[PDB]
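When reading the values below, keep in mind they use all heavy atoms of this one structure, side chains included, and skip hydrogens, waters and symmetry mates. Nothing fancy with the numbering, it's 1 onward along the sequence.
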Amino acid sequence: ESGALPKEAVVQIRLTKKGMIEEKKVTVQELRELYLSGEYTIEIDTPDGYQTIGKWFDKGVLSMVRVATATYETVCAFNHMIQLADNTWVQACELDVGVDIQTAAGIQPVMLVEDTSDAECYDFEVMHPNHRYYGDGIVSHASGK
């Protein structure tokens with residue numbers, strides 16, 4: 001289990017450097033480059049508000065699935081953990097149509113689940129006890145414990 005995402009996933013981040021603060025929507029590809037630049041402290045938007053990213057993880061190639069609600073769609077690793085309405089965690093590939101999940105717009109039911117092609121994936125640590133963040137607008141578990 002992880003929070004692993006491919007390069008094209010979109011997250012909302014906040015960059016800080018020496019009093020400068022910037023809020024940006026970025027792909028996970030761009031986030032990796034910003035992380036490896038070493039120039040910033042990076043926070044990510046979450047249902048707990050912005051939280052600092054700690055460690056980064058290159059996860060290699062994983063099996064992938066597409067999960068969509070009415071408002072949001074993510075392509076994520078098969079074992080990318082997504083938060084249910086009851087706040088428990090489930091692997092993306094084990095979601096079924098109708099399941100209520102947490103999103104940036106509140107609870108929404110899953111409308112579509114589809115296996116897709118393998119992809120290079122990435123994960124990271126979120127420095128908050130809930131260890132969660134918005135990935136493509138869907139509440140995801142960072143480092144996927």
Side-chain angles (χ1 to χ4, degrees), residues 1-16 22-145:
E1 302 175 350
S2 70
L5 288 172
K7 299 173 141 313
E8 74 266 22
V10 174
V11 294
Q12 177 77 53
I13 65 165
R14 182 154 77 193
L15 302 173
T16 295
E22 187 181 2
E23 292 173 14
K24 244 173 180 147
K25 265 172 160 247
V26 299
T27 66
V28 162
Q29 173 157 217
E30 304 179 298
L31 174 57
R32 193 187 184 266
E33 304 165 6
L34 291 165
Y35 189 103
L36 292 176
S37 82
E39 279 186 64
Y40 314 100
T41 297
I42 306 177
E43 296 155 287
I44 187 159
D45 197 19
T46 89
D48 306 297
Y50 276 107
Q51 302 294 334
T52 306
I53 295 179
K55 298 166 170 180
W56 181 269
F57 302 92
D58 294 334
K59 299 292 282 174
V61 177
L62 303 172
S63 301
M64 307 289 294
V65 64
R66 180 164 73 106
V67 179
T69 69
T71 302
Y72 301 107
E73 176 188 284
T74 192
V75 174
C76 59
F78 74 104
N79 59 3
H80 173 98
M81 303 305 288
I82 291 176
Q83 199 172 29
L84 308 184
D86 69 0
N87 287 331
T88 68
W89 294 98
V90 171
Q91 290 190 20
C93 71
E94 310 206 293
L95 290 172
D96 297 310
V97 169
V99 188
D100 297 317
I101 64 167
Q102 299 278 358
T103 76
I107 307 300
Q108 299 199 333
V110 167
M111 300 185 68
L112 177 145
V113 182
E114 180 197 358
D115 295 343
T116 185
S117 48
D118 296 359
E120 291 187 84
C121 284
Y122 311 94
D123 204 353
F124 44 81
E125 181 190 18
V126 168
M127 292 166 54
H128 184 280
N130 285 337
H131 300 298
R132 52 185 192 160
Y133 70 97
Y134 294 119
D136 295 309
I138 294 166
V139 177
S140 308
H141 198 286
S143 279
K145 97 180 158 305

Nearest 0.5 Å please: distance from the [atom1] atom of [X] over to the [atom2] atom of [Y].
X      : Y      : atom1 : atom2 : value
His80  : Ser2   : NE2   : OG    : 7.5 Å
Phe57  : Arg32  : CZ    : CZ    : 13.5 Å
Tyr50  : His128 : OH    : NE2   : 15.0 Å
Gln12  : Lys24  : CD    : NZ    : 11.0 Å
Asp136 : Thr27  : CG    : OG1   : 10.5 Å
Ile82  : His141 : CD1   : NE2   : 13.0 Å

If every non-hydrogen atom of [X] is compared with every non-hydrogen atom of [Y], which pair is closest and at what distance?
X      : Y      : value
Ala92  : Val113 : O-CG1, 4.3 Å
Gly135 : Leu5   : CA-CD1, 4.3 Å
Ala4   : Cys76  : O-CB, 4.0 Å
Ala142 : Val126 : CB-CG2, 3.5 Å
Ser117 : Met64  : O-CG, 3.1 Å
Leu62  : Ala77  : CD1-CB, 3.7 Å

Using a 4.5 Å cut-off on heavy atoms from C-beta on, say whether the side chain of [Y] contacts that of [X].
X      : Y      : result
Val26  : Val10  : no
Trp89  : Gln83  : yes
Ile53  : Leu31  : yes
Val110 : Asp96  : no
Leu95  : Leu84  : yes
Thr71  : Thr103 : no

**Message:** Between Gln102 (side chain only) and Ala85 (backbone N and O only), is there a donor and an acceptor less than 3.5 Å apart?
**Reply:** yes
**Prompt:** Can a salt bridge be assigned to the pair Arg14 and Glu43 using a cut-off of 4.0 Å between side-chain N and carboxylate O?
**Reply:** yes
**Item:** Ion pair check, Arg66 and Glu73, cut-off under 4.0 Å
**Value:**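 Yes.
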**Asked** Taking the six-membered ring for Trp, is the centroid-to-centroid distance between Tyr133 and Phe124 below 6.0 Å?
**Response**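 Yes, the ring of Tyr133 comes within the 6.0 Å limit of the ring of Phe124, centre to centre.
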**Asked** So does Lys25 have more than 12 non-hydrogen atoms from other groups sitting under 6.0 Å from NZ?
**Response**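 Counting neighbours around NZ of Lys25, 12 or fewer heavy atoms of other residues, nucleotides or ligands fall under 6.0 Å, so no.
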**Asked** Can you tell me if NZ on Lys55 sees more than 12 non-hydrogen neighbours from other groups inside 6.0 Å?
**Response** no
**Message:** Under the criterion side-chain contact (heavy atoms from CB on, under 4.5 Å), I'd like the reasoning laid out for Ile42 against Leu15: C-alpha separation, chi angles, the key distance, then a yes or no.
**Reply:** CA-CA 5 Å; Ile42 306 177; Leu15 302 173; 3.8 Å; yes
**Message:** Could you go through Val28 and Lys7, starting from their C-alpha distance and side-chain angles, then the distance that decides it, and tell me whether this counts as side-chain contact (heavy atoms from CB on, under 4.5 Å)?
**Reply:** CA-CA 5 Å; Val28 162; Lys7 299 173 141 313; 5.6 Å; no
**Prompt:** Without hydrogens or angle criteria, can the side chains of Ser143 and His131 be said to hold a donor-acceptor pair below 3.5 Å?
**Reply:**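 No, because no side-chain N or O of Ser143 sits under 3.5 Å from a partner of the opposite role on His131.
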